[PDB]
Amino acid sequence: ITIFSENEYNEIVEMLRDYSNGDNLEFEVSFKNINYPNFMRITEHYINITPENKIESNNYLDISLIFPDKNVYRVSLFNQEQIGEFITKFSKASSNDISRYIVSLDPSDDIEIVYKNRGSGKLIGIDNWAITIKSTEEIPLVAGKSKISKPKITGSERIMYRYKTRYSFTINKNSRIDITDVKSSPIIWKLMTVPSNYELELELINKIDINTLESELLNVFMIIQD
């Protein structure tokens, strides 16, 4: 049982090489049609087989500033008290006030900041399998590191909010399974009450051979399929 066609195989091998040679490229296989029963099955499966030191679970709020060029400046807030403070303080604030606050934040362990270049990435769909393979550039802005000129707020930025409960399973030194309960909204109001969508991805930590990737994807498909 093979997942990739000959052309998909060759294109993915090039994507894997570009990922390994890149500075801030990420490689992700996104599984589609994940609903609540699938989410429950996947999460239960990985919790029982994964050693506790290799499980990470977090509740966090992502605030994405979407620019006219389609690129994104995203802040992830991991501190629960800070998430609550942000919501209460900015619930009725202007979008320009929110954007200015977002770009003013300094990164720390509880505040992750990334600039996502949505135009440099390659994304391919796979024939007859419900997955997409994506490579994308995500530059982390870290504490202590030299501050490079941040993007200018013009006032025409779009903002998106995603409240997430993520479970991350480090299956080996080179790959991690992320399963997430995501609440999405273009506004802050009643974000915690919007119906959840579910997302499942196999993200690389280091380059692996495509044959190893195909074996890992087959293992995940064996869990999600009835």
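The PDB entry lists the chain under the name Polynucleotide 5'-triphosphatase, with Acanthamoeba polyphaga mimivirus given as the organism.

**Focus: the environment of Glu 112**
Among the structural elements, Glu 112 can be located in strand β4 (residues 111-125). Considered as a pair, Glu 112 and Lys 89 are 23 residues apart in the sequence and their alpha carbons are 20 Å apart. Those residues in contact with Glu 112 that lie beyond four places of it in its chain are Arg 74, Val 75, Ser 76 and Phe 78.

**Remarks on helix α3 (residues 80-90)**
Residues of α3 that are buried include every one of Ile 83, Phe 86 and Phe 90, and no others. The buried residues of α3 occupy one face: seen down the axis, they fall within an arc of 65°. In this structure, α3 carries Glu 81, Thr 88 and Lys 89 as exposed residues pointing more than 90 degrees from its buried face. Residues of α3 that are buried in the fold lie against β2 (55-66), β3 (72-77), α4 (95-104) and β6 (158-172). In this structure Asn 79 caps α3, since a side-chain oxygen of it lies 3.2 Å from the backbone nitrogen of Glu 81.

**A closer look at the sheet that holds strand β5 (residues 131-141)**
An order of β1-β5-β4-β3-β2-β6-β7-β8 is seen for the eight strands of this closed barrel, with the pairing classed as antiparallel. Put simply, the sheet's adjacent strands are angled 35° from each other on average, direction ignored. With seven bridges joining them, strand β1 (residues 25-31) and β5 adopt antiparallel strand pairing. The partner of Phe 31 across the bridge, within β5, is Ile 131. In the packing of helix α1 (residues 6-21) onto the sheet, the strands contacted are β1, β4, β5 and β8 (197-204), and the crossing angle to β1 comes to about 140°. On top of the sheet, α3 reaches β2, β3, β4 and β6; it is set at about 30° to β2, its chief contact.

**Comments concerning the pattern of salt bridges**
Counted under the stated rule, the structure contains eight salt bridges. When salt bridges with common partners are traced through the structure, they connect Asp 62, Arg 74, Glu 138 and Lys 164 into a single cluster.

**Focus: the pairing of β8**
Burial analysis of β8 places six of its eight residues in the buried class, which makes it a mostly covered element. The sheet contact formed by β1 and β8 spans four bridges and is antiparallel. Counted as the bridge partner of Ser 30 is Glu 201 from β8. Bridging between strand β7 (residues 175-185) and β8 involves eight bridges; their strand directions are antiparallel. Across the sheet, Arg 176 pairs through a bridge with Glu 203, a residue of β8.

**Regarding unusual backbone geometry**
The residue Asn 128 is not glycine, and still its phi comes out positive at about 65°. Residue position: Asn 128 is located in the loop between β4 and β5. Located in the positive-phi region is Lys 190, a residue other than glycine, with phi close to 50°. With respect to the secondary-structure elements, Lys 190 resides in the loop between β7 and β8.

**As for the side chain of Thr 50**
Here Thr 50 shows up in the loop between α2 (36-49) and β2. A polar contact is formed between the side chain of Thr 50 and the backbone oxygen of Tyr 46, at a distance of 2.7 Å.

Definitions and cut-offs
Residues numbered from 1 in each chain as written, not as in the entry; some residues may be left out. Heavy atoms only, no water. Residues with missing side-chain atoms left out of burial classes, pairs and counts. Helix = DSSP H or I, 4+ residues; strand = E, 2+ residues; numbered from the N terminus. Contact = heavy atoms within 4.5 Å. Buried < 20%, exposed > 50% of the residue type's maximum accessible area, 1.4 Å probe, protein only. Arc of directions from axis to C-beta. Polar contact = N/O pair within 3.5 Å; in protein donor to acceptor, adjacent residues only side chain to side chain. Pairing = 2+ DSSP bridges. Axes fitted to C-alpha atoms, helices over the stretch in contact; angles between N-to-C directions. Salt bridge = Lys/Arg side-chain N within 4 Å of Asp/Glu carboxyl O.

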